[PDB]
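So you know, we letter chains A, B, ... as the sequences are listed, proteins then strands, and number each from 1.
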4 protein chains.
Amino acid sequence: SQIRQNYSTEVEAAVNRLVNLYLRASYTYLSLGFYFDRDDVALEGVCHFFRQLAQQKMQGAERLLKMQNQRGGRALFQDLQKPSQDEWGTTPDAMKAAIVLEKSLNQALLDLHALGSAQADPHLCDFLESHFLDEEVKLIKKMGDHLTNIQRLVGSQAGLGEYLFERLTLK
Amino acid sequence: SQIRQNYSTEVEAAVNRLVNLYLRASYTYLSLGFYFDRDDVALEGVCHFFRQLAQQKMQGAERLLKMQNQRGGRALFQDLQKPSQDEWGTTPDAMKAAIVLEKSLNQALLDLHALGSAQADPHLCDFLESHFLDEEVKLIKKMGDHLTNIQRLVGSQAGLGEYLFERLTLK
Amino acid sequence: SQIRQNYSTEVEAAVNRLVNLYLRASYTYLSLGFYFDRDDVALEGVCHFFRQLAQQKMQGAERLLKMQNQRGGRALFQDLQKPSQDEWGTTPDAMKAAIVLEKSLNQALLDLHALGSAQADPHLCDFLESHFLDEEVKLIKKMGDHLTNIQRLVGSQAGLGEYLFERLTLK
Amino acid sequence: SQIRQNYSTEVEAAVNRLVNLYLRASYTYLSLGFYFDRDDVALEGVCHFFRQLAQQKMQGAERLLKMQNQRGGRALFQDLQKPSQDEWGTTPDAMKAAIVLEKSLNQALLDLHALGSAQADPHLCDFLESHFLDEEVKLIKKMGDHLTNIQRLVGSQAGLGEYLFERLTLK
């Protein structure tokens with residue numbers, strides 16, 4: 001490559017794995033979104049929440065691919081495993097699942113940052129910090145808030161609590 | 001002092017004590033606000049309510065200090081005791097606590113007004129009346145209203161009532 | 001905590017100590033501001049300078065508390081020690097004091113950053129860099145500039161130099 | 001009088017004396033203003049300061065007369081003694097004189113308020129509080145600030161300090 005500089009093969013590979021992880025998260029959220037659009041589920045604010053997250057993860061993938069090219073590395077795609085469930089249960093089940101998913105993305109980010117720090121790759125480390133690590137922290141906090149509110153509502157009376165949460169918290 | 005006139009040492013001292021009381025109330029509300037921002041509490045309208053009150057009490061302190069200087073007295077600061085609790089319970093627990101706190105500030109105002117009246121200090125008495133006594137009455141009435149509504153809601157079903165109050169009453 | 005991830009107990013504790021330090025700095029600046037509002041001191045541009053800094057430090061505290069909650073840690077407040085002086089001397093005395101105070105806040109930031117780097121906490125490290133470390137550097141430079149100008153003016157003729165600095169440099 | 005109610009002859013008389021005091025203060029400020037307009041004094045910001053105060057005191061007189069009529073009392077005017085000096089010295093001399101004058105007006109206000117309180121005349125007491133007592137406190141604080149600044153400047157080098165104060169503090 002005419003441009004590649006201070007960009008290790010280990011980081012290149014790790015960035016390709018992370019792209020796969022973001023794409024797979026996007027796919028997961030797409031499934032979650034359309035489950036909540038089912039006529040027998042019918043929670044539009046929940047559908048919209050997860051569809052917006054599908055878009056966000058696809059944007060993260062695209063930003064990682066842009067950077068891979070900026071650095072002179074080469075994007076390599078792998079098969080995308082389908083989401084872990086076909087049906088996602090109640091709102092709290094789905095929010096727990098999303099938190100698990102985001103924590104796994106955050107751990108992959110942290111691992112990538114440790115690797116870049118080990119390879120002395122300050123551009124990679126700043127990239128991740130600027131665009132990814134704070135967005136994860138903020139989203140996980142928002143999801144944790146939502147879980148606490150859903151849990152508090154479905155303790156009381158489950159159907160009514162799910163409706164109220166979708167109507168009064170979700171867009 | 002070149003400006004001091006009809007301003008007793010007793011009032012000067014009492015005004016410094018009241019500044020400490022307002023600052024300590026501010027600190028209390030700051031704690032209350034951030035407890036309701038915890039991911040395992042997660043009541044944003046409650047957080048916002050108490051953060052606005054923290055700002056209001058700090059403003060009261062600053063107004064008392066401005067007056068102390070206008071009169072030729074001298075501000076003296078003391079240590080600020082931390083708030084009485086680390087965790088604030090449910091919304092009704094927190095609102096009861098705030099009412100207790102505001103009643104104690106109102107009693108300090110009333111005591112200061114009695115002292116100024118005993119010292120024949122009509123400026124002090126008008127100052128307190130204009131900026132402090134009516135604001136307290138109004139805030140305590142608002143808090144009492146909120147407690148009545150929260151209590152009526154958490155009698156029914158506690159988690160659901162707390163959510164509805166934060167969503168439909170609080171900003 | 002349902003959200004906590006890669007957030008050590010050491011950092012949590014250190015962040016709570018830093019909140020105390022920012023609050024105490026705020027309190028210090030509040031005292032400084034109101035001393036310069038005394039009728040026998042009467043330097044309005046100096047009062048305004050320190051009152052704006054009191055607000056800024058309170059904002060720093062609030063941002064640290066927001067982050068502590070975003071990460072799943074728990075805010076704990078301690079008593080706030082009163083400021084180190086009741087009377088702050090001349091403008092140069094007060095500016096020296098503020099520089100000492102800001103250097104101590106900057107060292108606490110640097111210490112916290114070293115701890116986060118030791119605990120491999122890149123979010124904490126980016127947080128501090130983005131919001132705190134550059135603001136400190138910039139403010140200390142501004143204070144150093146002010147001290148140099150005040151010192152150059154009060155070498156000449158002290159009362160006149162203090163007035164000119166407040167009128168022609170301070171807002 | 002068809003309207004007079006709870007308005008003692010003592011208060012009526014005291015209000016007429018206070019009108020005389022305000023008019024005489026106005027006259028004093030008029031003299032002060034025109035002394036600073038002399039070609040051999042020539043401090044325009046000082047002239048403007050005292051001319052604005054002459055207008056303010058005349059406004060206070062007119063407000064006291066409006067109230068005397070609102071209450072059913074009867075205005076009675078007495079001769080106005082000329083100001084205590086023909087020439088007013090330096091800026092600090094003149095500011096000291098104004099502070100002495102305002103303290104004497106404030107004491108007359110306080111005396112009138114004590115009398116109204118003794119006669120159980122709450123309208124009079126609120127009138128004085130609303131329109132007069134806080135305006136005095138604020139003006140005396142402003143004058144005290146000015147004296148401190150002038151004194152600090154004329155300690156250094158008297159002619160230069162007087163000029164700088166008129167240019168950089170006064171409108």
Side-chain angles (χ1 to χ4, degrees), chain B residues 1-5 7 15-16 19-20 22-24 26-44 47-48 50-52 54-55 57-59 61-88, chain C residues 1-5 7 15-16 19-20 22-24 26-44 47-48 50-52 54-55 57-59 61-88:
Chain B
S1 178
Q2 80 217 327
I3 65 163
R4 189 171 182 156
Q5 184 178 205
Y7 195 59
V15 170
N16 285 331
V19 171
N20 188 264
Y22 270 76
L23 264 5
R24 189 176 170 196
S26 192
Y27 205 7
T28 300
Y29 288 131
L30 183 77
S31 183
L32 274 157
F34 283 99
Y35 168 79
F36 284 99
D37 181 60
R38 286 178 35 168
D39 75 275
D40 65 345
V41 177
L43 296 159
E44 179 171 25
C47 171
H48 288 168
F50 284 126
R51 288 197 60 193
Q52 292 151 30
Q55 173 176 60
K57 293 313 164 188
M58 178 59 73
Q59 292 169 357
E62 281 166 355
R63 195 173 248 116
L64 286 159
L65 292 161
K66 173 172 162 184
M67 183 272 294
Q68 176 81 286
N69 277 340
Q70 286 178 146
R71 299 302 301 279
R74 292 294 172 249
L76 289 170
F77 298 98
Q78 300 304 333
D79 298 343
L80 291 180
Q81 292 302 317
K82 69 177 181 181
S84 61
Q85 299 171 223
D86 291 327
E87 296 181 307
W88 296 99
Chain C
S1 178
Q2 80 217 327
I3 65 163
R4 189 171 182 156
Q5 184 178 205
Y7 195 59
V15 170
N16 285 331
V19 171
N20 188 264
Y22 270 76
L23 264 5
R24 189 176 170 196
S26 192
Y27 205 7
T28 300
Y29 288 131
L30 183 77
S31 183
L32 274 157
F34 283 99
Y35 168 79
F36 284 99
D37 181 60
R38 286 178 35 168
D39 75 275
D40 65 345
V41 177
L43 296 159
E44 179 171 25
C47 171
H48 288 168
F50 284 126
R51 288 197 60 193
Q52 292 151 30
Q55 173 176 60
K57 293 313 164 188
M58 178 59 73
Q59 292 169 357
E62 281 166 355
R63 195 173 248 116
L64 286 159
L65 292 161
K66 173 172 162 184
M67 183 272 294
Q68 176 81 286
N69 277 340
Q70 286 178 146
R71 299 302 301 279
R74 292 294 172 249
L76 289 170
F77 298 98
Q78 300 304 333
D79 298 343
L80 291 180
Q81 292 302 317
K82 69 177 181 181
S84 61
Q85 299 171 223
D86 291 327
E87 296 181 307
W88 296 99

>> Show the nearest heavy-atom pair for residues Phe34(C) and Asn69(B), with the distance to one decimal.
In response: O-ND2, 2.9 Å
>> Testing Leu80(C), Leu30(C), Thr28(C) one by one against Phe77(B) for a side chain to side chain contact (heavy atoms under 4.5 Å, CB included), which residue passes?
In response: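 It is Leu30(C); the other options fail the test.
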>> With rounding to the nearest 0.5 angstrom, report the NZ to CG distance, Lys82(B) to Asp79(C).
In response: 6.5 Å
>> Out of the candidates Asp37(B), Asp86(B), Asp39(B), only one should pair with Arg74(C) under the salt bridge (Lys or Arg N to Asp or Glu O under 4.0 Å) rule; please name it.
In response: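 Going through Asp37(B), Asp86(B), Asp39(B) one by one, the salt bridge (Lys or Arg N to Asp or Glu O under 4.0 Å) with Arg74(C) is satisfied by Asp39(B) alone.
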> Between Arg4(C) and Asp40(B), does a salt bridge (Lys or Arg N to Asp or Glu O under 4.0 Å) hold up when you go through it step by step?
Replying inline: CA-CA 11 Å; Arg4(C) 189 171 182 156; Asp40(B) 65 345; over 6 Å; no
> Relative to chain B, which segment of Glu87(C) carries a heavy atom at a distance below 4.5 Å: side chain, backbone, both, or neither?
Replying inline: neither
>> Using heavy-atom distances under 4.5 Å, tell me whether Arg24(C) contacts chain B through its side chain, its backbone, both, or neither.
In response: neither
>> Does atom CD (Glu44(C)) have a neighbourhood of more than 12 heavy atoms from anything else shown, all under 6.0 Å?
In response: no
> In terms of heavy-atom proximity below 4.5 Å to chain C, should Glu62(B) be classed as side chain, backbone, both, or neither?
Replying inline: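 Its backbone and side chain both get close to chain C.
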